[PDB]
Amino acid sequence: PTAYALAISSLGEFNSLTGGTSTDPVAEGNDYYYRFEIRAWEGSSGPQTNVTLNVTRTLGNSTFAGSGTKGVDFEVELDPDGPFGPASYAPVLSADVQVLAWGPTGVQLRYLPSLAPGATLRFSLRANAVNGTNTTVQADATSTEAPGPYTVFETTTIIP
C-alpha cells in the first residue's frame, strides 16, 4: 500500500490573478498568469506538511514579475475538500504562505498549514511577456512526506 501522495497539474495561462479568462498566445509587454494545482491524495494516511511549489523558467525571456507580494504577484487558494465536496476555492491568509524565493527566473512558495487528504491548492503567478520565442516554465511540487519529484512543463507563445 501507499501512505502519502501528491499530484501536480498545469491549468494554463490567464489574463487575471483570479477569475478572468484563459490566454496564450500573449503579446510582448503584457502581464499574464500561470496557474498550477497541487492535490493531496484522498487515501493519504494524514495531513501533509511543507507543501512547496518551485517554478523555474527553463526557456524564453518572460520573467516572473514584481518582488513577490500576495494578492498582486501571486495568489494561493485552498479547496478544503478538493473535488470530493462542494466547498469552493478561497484565498488563504498571507501568514499561511512563505515566499522562500522570488526572482525573474524562479519562484518558490511554501504552504505552512498542513494539507488534508483530498484538499487542493491552486497557485497563480504573474509573469511579464517578452520576445518572439516560446517561454517554458517547469513547476515542481514536494512535501516532507511525498518528496516526488512531481514536475510539469507549461509553454506560452509570446507574439513579438
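Position 1 is the first residue in the sequence shown; the rest follow in order.
When the other compared entries with both flanking residues are checked, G132 is unmodelled in at least a third. Comparing 148-156 with 6-14, the stretch with the higher mean C-alpha B-factor in the PDB entry is 148-156. Note on 36-44 vs 89-97: mean CA B-factor is higher in 89-97. Highest C-alpha temperature factor among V130, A119, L53, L125 per the entry: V130. Annotation for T136: C-alpha temperature factor in the lowest third relative to the rest of the modelled chain, per the entry. Ranked by Cα temperature factor within the chain, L112 sits in the highest third according to the deposited record.
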